[PDB]
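Notes for the one structure printed next.
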Amino acid sequence: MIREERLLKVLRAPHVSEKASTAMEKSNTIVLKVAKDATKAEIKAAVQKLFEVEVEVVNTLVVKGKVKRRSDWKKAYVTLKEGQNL
Amino acid sequence: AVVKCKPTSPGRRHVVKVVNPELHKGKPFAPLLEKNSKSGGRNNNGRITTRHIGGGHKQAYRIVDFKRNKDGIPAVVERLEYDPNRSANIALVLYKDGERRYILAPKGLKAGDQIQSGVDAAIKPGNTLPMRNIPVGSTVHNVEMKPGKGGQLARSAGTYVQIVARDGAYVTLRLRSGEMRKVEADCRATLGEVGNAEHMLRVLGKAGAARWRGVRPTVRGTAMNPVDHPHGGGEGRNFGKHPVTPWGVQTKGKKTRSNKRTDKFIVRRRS
Amino acid sequence: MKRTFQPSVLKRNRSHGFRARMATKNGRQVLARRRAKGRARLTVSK
RNA sequence: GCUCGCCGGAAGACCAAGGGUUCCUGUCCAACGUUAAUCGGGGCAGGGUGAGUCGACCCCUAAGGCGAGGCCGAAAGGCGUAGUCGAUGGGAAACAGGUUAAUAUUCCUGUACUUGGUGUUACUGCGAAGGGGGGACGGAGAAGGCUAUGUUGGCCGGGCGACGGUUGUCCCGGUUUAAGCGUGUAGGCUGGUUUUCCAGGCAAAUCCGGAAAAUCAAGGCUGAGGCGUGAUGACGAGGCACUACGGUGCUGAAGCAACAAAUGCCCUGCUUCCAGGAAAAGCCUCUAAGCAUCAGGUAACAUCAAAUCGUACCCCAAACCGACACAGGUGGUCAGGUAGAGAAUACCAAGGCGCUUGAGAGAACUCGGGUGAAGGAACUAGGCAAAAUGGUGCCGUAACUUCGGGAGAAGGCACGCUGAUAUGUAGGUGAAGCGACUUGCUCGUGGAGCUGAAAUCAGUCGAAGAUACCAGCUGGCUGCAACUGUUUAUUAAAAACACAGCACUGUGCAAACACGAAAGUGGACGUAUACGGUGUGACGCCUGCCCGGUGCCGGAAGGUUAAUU
RNA sequence: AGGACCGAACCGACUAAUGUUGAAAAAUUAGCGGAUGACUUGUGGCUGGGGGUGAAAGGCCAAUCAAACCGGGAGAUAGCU
C-alpha cells in the first residue's frame, strides 16, 4: 500500500490547455501536473483516493525545462473510467 | 600435391598451391575450439614489441594434445583437418572409451589408422612413447623437454628428430637445426615425422597472400632517415656502415645466445 | 573537409568526465586546481 | 491563386550521431537576417513530446578497462587472479485504420501477442557455481521457388471535348486491405526406433560421446510464399451539404485477373574455395549435494503485474562539424514511370524547391560557353588547352610473348520507321478441360489467354538512324620500375616506398628479440618447413676477383692487463 | 577463378583553368585513377612526447611537429637591435 502522505504529495495541479480540455471531453481523461518523481501507481492511487473517482490508466511524460528557468515537471494523462470529476 | 596456378593475371602467375585432397572439408570439432584474438604484435603496454604483425584472417584455436597422456587406450584416426594455427595439420582421433582429441598428424598417418600412447605401444608412426622405450636411431617428432610437460621440439611441418644415443638417463637428439641436445629419457616422443612436408614448397605469389597471413610490410633499414634507423639517410643510396638491428646490435653474424642455465644440455651447437 | 572536432557524448565523458578525473590522482589534482580557481563548470560532465 | 523554371537513387522521405526547444500557434519589427520586410530557425507570450509490446534501462558477453587478495616497484605507482564492468554484437512480445495547430506501433477504434508472480485444480522427480547440446557465425559464385513492386486487360465511377476530328480497338480517375491465427509447400537437412554395455565428459547422469544387437528404413526437423480467417470490417474514385473560404462533416461504386519482377525473402540455405571464418547468456536436456505423503516441476484456468526513462524538431543540413543562414564534410534506411545493361544518363511522378539584394544598359577587359572562311601544330618548354574518338552485333586483326596475353590491336560493315514472314514468330508464363492417384498447396497430359525478342525480305523518309544525354583517339620506337598496391593531409604520386621471390645471419624455447627499475607481457598458446634482424627486389640468364683494412666468427701458445691481496 | 576487366555508389587525387582581402585557413569546374580488395566505412577501444605510430615522406600525432599542447623554473639568457 502507498500511504496517505505520499498521495497528498504527488498531485501538484490540474494542467489546463486546449489539449487538456479536448482530452477531457473526448477521451474522458484529465491532465495533471504531478511531482516529478511520481509513478503511474502513485498517481493512480492518489487520484482514486483524493478525487474519489475511478481510473482506467495513467500515462506520464516529463516536460523538459524551457531555457528561462522552468523546472522539469511531469505531466499525467489520467484516464477515468466513467466518473465525472470536475 | 603442389600445383601451379596458370597466369591468368599477375598475382596468379607465381602462385604455387599445396592442395591436399584428404583434408576434412567441413567445420572442425567444436568442443576443442577457443577464441584466439589477434595482437598486432603489441604487448600489455600497448607498444609494438614485435614488428610486422597484424591483420590477417580470423582464426579459431584448436586445442591440440601435445602431451599424449591417455596410455593404453587405443585410438582410431577419424579425419585430418586444416589447422590455421600450425604449419602442420592435425588429426581428430577417437579413443575407444569415447574421447576425441587432436594430435599433430604424422607423415604417413591417415584416417582409420590406430594410434596409441604408453610404454608398451608398438614402434610405428603415430605412437607416443617415453624415449627410454624407443630404439636408438629412431625418427621421432613432437619431443618433450621435461617429462610430462608436453612436446616442444620438432613440431612444425616436415620436421623430425633422430635419437642419436642413449647414455643413462639422457638421450642425445639431433634437432632439426643440426644441434645435438641431451634430453631426459623419460620425455615422450611420437614416432614418425610431422606430415605436410610439402608446406615449404608453396609460393605465396603476391603481396596480398602475405598480408592475409597477418604479415605486415617490412621497410628496409636503409630506406629510412637517420633518426629512424641506424641505416640512416644519405643522398641517394648510401650505406657505409656495418649492418645492425634497428636497435644497433650487429646483425650478420653476431651471436646472441646467452643462457648458462641450459648450456649443460647442448652437446654440440648447430652449424 | 572534415574538421577536428567530431563530437560524441560517450567519448567525451569517458575521456574527460568527472569519474575519469577521479580515477587517477592526477585527475583529482585537475579537480583540485579547478576548485581552487573556482570554476563554475568543474568538468565536461553535464 | 494562376502560370513558368529547377531536383527527382534527390535538392524527396525517414532516422542515428550531434544539437537542444530551433517544434506548433499568436503577436512584434529595435537588433539579427549581407537589401526591404508586413516575413523568419529573430524578439516576446502561450502551448506541444502520452508505450507491457519501439528504444534505453535490463540479462549476457567482445576488444578493452578496472580489479579483493596477490606478485612487483624510492614514494607516487605498475601488472594481474577470482571477479566486475564494457556494445559496435547475442536474450520475451502490436499490427492495420482514424486523430492534433503541433505526439503517435504511445491517444482512440478494431483485431492481437508476450513474460513473470499469485491462487485453484489435475498430474507428477524435483533440484547447481557442475556436465552435454544449442546460440553460433567466412569469402566468392550459381540457381530454382517467390514476394515487394510495376505494367496491361477487365471492372466500376465520371467525360464527350476553347481549333479539324473524337459514343469509341476513345478519354480520365479509382481498383486498397495488416499483425495475429489456422494450414503446411518450392526448397534445405538428417535415416529412425528399441535393447544392452562402457579405460570419456572433474563425480555422475537416464543427457551427450563410444561399442554391439535387433527391427523398420516409408521417420523427424526446418522453411519463404500461397491460401483461408481477421474483415458483413476498415479504406476507397467521387459526390452531397455547410463554411471561418481555411476547410469540415455526411455518404460511398468497383475493389479482380493475367504477365513481368528485385540488389528483398526462402537463404545463417546450396555449391565451391583457402586465407579456414567471435564470445557468453537466454534456451534445452542431464544429474549432484539436498528435499522427500513436502518442496518444486508440468498442464489447464482465473487474477494481477510489466516500473523508470527517451519520444517535440532538425538530421547530406540555415538545428550537426566547419568563426558565418559558409558552393565544403557527415553513418544507415526507402526508392515509382518512360527510354536504358544499369542505383549511369535524359525527361518526369510523389514530394520538395527557385538558392534573403534587386532594376536597367548592352563599352573595353575578365570569366564560362557556342560557331567559324583558307590553312592545319606553323603554337609552345612541351599539342598545355581545345578539338577529336566513342554503342551494339558481326567480320577481321601484327610483331612479340612468361602462352595467360598483346587485343576493343589496327581496320571494316550493318543499324530509323513501316509492312510481310508470323492479323506476334522463336521463346517464356500458363487457365479450362482430360485422365491418374498414395484424391489435394497433387501429378501427367493438353493448350485458351498473356507476354515477347532477334532475324530475313520488301517498301519508305531526312543532309544525316549508337540522330539527344550518354559514351575509348589510335599506331610506331625507347628509358625506368615486374606487376595490383603505398607516400610528402595543405606545391613532389614518382624511377621513391612496399611487394612475391632470393640470400645471409641470429635463434633449442623460460628462444633470439622487443616493451618494461621490476613484476610481467608480446614474440607464441608458435617450435628451426618456426621466429627475428639485414641486404636485394617478380621472372629469365647469371653474380667474376680480392680477407690487406674494418667489422664479425673461431682459437689463445705467449706478451700485456682491473678490482683484489 | 582472379590484389581479373569495363563502369555508378564509395574511396582517392594525375592535369588544366578559376579562385588567391576566396563560397572554402586547399575548394570549385571539366576531364582522371581504383572500384571483391594489400578494399572501403560506422561504433567503441589501445599505443604519449625523445615518446608513439609510420607500405618511409622527417610523414603523422586535434588547421601546431628534426621532437605536440598546457602550466611552472622564469622577469632563462641576449657583448644584439
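Each chain gets a letter, A, B and so on, in the order its sequence line appears, and its residues count up from 1.
Partners of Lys107(B) according to the side-chain hydrogen bond (donor to acceptor under 3.5 Å, both in side chains) rule, which considers only residues two or more places apart in sequence or in another chain, do not exist here. By the side-chain hydrogen bond (donor to acceptor under 3.5 Å, both in side chains) test, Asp65(B) pairs with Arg101(B), sequence neighbours left out. Take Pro230(B) and apply the side-chain contact (heavy atoms from CB on, under 4.5 Å) test, not counting sequence neighbours, and it matches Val244(B).
Exactly one of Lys17(B), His14(B), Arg13(B) qualifies for a side chain to side chain contact (heavy atoms under 4.5 Å, CB included) with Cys5(B). That residue is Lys17(B).
For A75(D), the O4'-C1' to base torsion is more than 90° from 0; the nucleotide is therefore anti. Applying the 90° cutoff around 0 to the glycosidic angle, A143(D) is assigned syn.
In this structure, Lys38(B) atom NZ and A278(D) atom P are separated by 12 Å, rounded to whole Å. We find that NE2 of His14(B) is positioned 13 Å from P of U484(D), with the value rounded to whole Å. Rounded to an integer number of Å, the gap from CG of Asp72(A) to P of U311(D) is 10 Å. Nucleotide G201(D) holds its P atom 14 Å from the CZ atom of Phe29(B), rounded to whole Å. Between the P atom of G65(D) and the CZ atom of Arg19(C) lies a distance of 17 Å, rounded to the nearest Å. Note: NZ (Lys74(A)) to P (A307(D)) measures 11 Å, nearest angstrom.
For the P atom pair drawn from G369(D) and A377(D), the interatomic distance equals 26 Å after rounding to whole Å. Comparing the same atom, P, in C316(D) and in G328(D) gives a spacing of 14 Å after rounding to whole Å. Comparing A30(E) with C324(D), their P atoms sit 29 Å apart, to the nearest whole Å. A distance of about 16 Å separates the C1' atoms of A213(D) and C198(D), rounded to the whole Å.
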Q.
Just to be sure I follow the notation: if a pair is Watson-Crick (purine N1 to pyrimidine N3 plus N6-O4 or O6-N4) or a G-U wobble (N1-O2 and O6-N3), each under 3.5 Å, what dot-bracket string does RNA chain E give, with | for pairs to another strand?
A. ..|......(((.(((((........))))))))..............(.(((.....)))...)................
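Within 3.5 Å, no donor on the side chain of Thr8(B) pairs with an acceptor on the base of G2(E), nor the reverse. Put simply, the side chain of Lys40(A) and the base of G52(D) share no donor and acceptor less than 3.5 Å apart. Residue-to-nucleotide contacts include no donor-acceptor pair under 3.5 Å from the side chain of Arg47(B) to the base of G51(E). A donor-acceptor contact under 3.5 Å links the side chain of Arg211(B) to the base of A38(E). Taking only distance into account, the side chain of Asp228(B) meets the base of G54(E) through a donor-acceptor pair shorter than 3.5 Å.
Legend: unstacked base step between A517(D) and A518(D); six-membered ring centres and planes not within 5.5 Å and 30° respectively. For the pair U232(D) and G233(D), the rule of 5.5 Å between ring centres and 30° between base planes classifies them as not stacked. Using a cut-off of 5.5 Å between ring centres and 30° between planes, the six-membered base rings of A241(D) and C242(D) qualify as stacked. The six-membered rings of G354(D) and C355(D) are unstacked under the 5.5 angstrom centre distance and 30 degree angle criterion. Both conditions, centre separation below 5.5 angstrom and plane angle below 30 degrees, hold for the six-membered rings of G12(D) and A13(D).
Taking the six-membered ring for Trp and the full ring otherwise, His15(A) and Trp73(A) have centroids separated by under 6.0 Å. Aromatic pair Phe239(B)/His231(B): centroids less than 6.0 angstrom apart.
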Q. Are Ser37(B) and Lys35(B) close enough, and set up right, to give a side chain to side chain donor-acceptor pair (under 3.5 Å), and what steps lead you there?
A. CA-CA 6 Å; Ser37(B) 315; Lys35(B) 79 174 280 303; 2.3 Å; yes
(Q) Set out, in order, the CA-CA distance, both residues' side-chain angles and the distance that settles side chain to side chain donor-acceptor pair (under 3.5 Å) for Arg188(B) and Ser117(B), then state yes or no. (A) CA-CA 9 Å; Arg188(B) 291 161 101 110; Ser117(B) 179; 2.8 Å; yes
Q. Does the side chain to side chain donor-acceptor pair (under 3.5 Å) test come out yes or no for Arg268(B) and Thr172(B), once each step is laid out?
A. CA-CA 10 Å; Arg268(B) 179 153 92 251; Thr172(B) 300; over 6 Å; no
Q.
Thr190(B) vs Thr128(B), test: side chain to side chain donor-acceptor pair (under 3.5 Å). Steps then yes/no.
A. CA-CA 4 Å; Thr190(B) 300; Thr128(B) 285; 2.6 Å; yes
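Nearest to the side-chain atoms of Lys149(B) among the listed nucleotides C273(D), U308(D), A510(D) stands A510(D). The side chain of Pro243(B) has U534(D) as its nearest neighbour among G532(D), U534(D), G210(D). With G58(E), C79(D), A275(D) as the candidates, the nucleotide lying closest to the side chain of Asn44(B) is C79(D).
For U38(D), classification of the furanose by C1'-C2'-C3'-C4' yields a south pucker, on the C2'-endo side. A positive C1'-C2'-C3'-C4' dihedral is found for the sugar of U456(D), placing it in the north range. Sugar pucker of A494(D): north, as indicated by a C1'-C2'-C3'-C4' torsion of positive sign. The furanose ring of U467(D) falls on the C2'-endo (south) side of the pseudorotation cycle, as its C1'-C2'-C3'-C4' torsion is below zero.
Remark: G80(D) base-pairs with no nucleotide in the shown strands. Criterion, Watson-Crick or G-U wobble with two distances under 3.5 Å.
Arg62(B) forms no cation-pi arrangement with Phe29(B), by the criterion of a distance under 6.0 Å to the ring centre and an angle within 45° of the ring axis. Figure legend: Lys182(B) and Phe265(B) shown without cation-pi pairing, the cationic atom not lying both under 6.0 angstrom from the six-membered ring centre and within 45 degrees of its axis. A cation-pi geometry, defined here as NZ or CZ lying under 6.0 Å from the six-membered ring centre and within 45° of its normal, does not hold between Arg100(B) and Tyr95(B).
Applying the 3.5 Å cutoff to both bonds, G47(D) and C23(D) register as a Watson-Crick or G-U wobble pair. For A112(D) with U53(D), the Watson-Crick or G-U wobble criterion holds, each of the two distances under 3.5 Å. For the criterion of Watson-Crick or G-U wobble pairing, both bonds shorter than 3.5 Å, the nucleotides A471(D) and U478(D) do not count as partners. Under a 3.5 Å limit on both donor-acceptor distances, the bases of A257(D) and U152(D) meet the Watson-Crick or G-U wobble criterion. Residues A140(D) and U271(D) show canonical Watson-Crick or G-U wobble pairing, with both defining distances under 3.5 Å.
Heavy-atom nearest nucleotides on RNA chain D were determined for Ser258(B) and for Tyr77(A), and the one closer to the 5' end corresponds to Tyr77(A). Each of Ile73(B) and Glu34(B) has a nearest nucleotide on RNA chain D; the 5'-most of these lies closest to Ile73(B).
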Q.
I'd like to compare against my own output: the B/S/- annotation of nucleotides 93-112 of chain D with a strict under-4.0 Å heavy-atom distance to protein.
A. --------BBB---S-----
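Nearest heavy-atom pair across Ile115(B) and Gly126(B) is CB-O, 3.7 Å.
Groove assignment for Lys252(B) is minor, based on a side-chain heavy atom found under 5.0 angstrom from a minor-groove atom and none near the opposite groove.
Looking at residues 178-190 of chain B, you'll see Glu179(B), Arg181(B) sit with a heavy atom under 4.0 Å from some atom of RNA chain D.
In this structure, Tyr61(B) counts as stacked on the base of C525(D) under the 5.5 Å centre distance and 30° plane angle limits.
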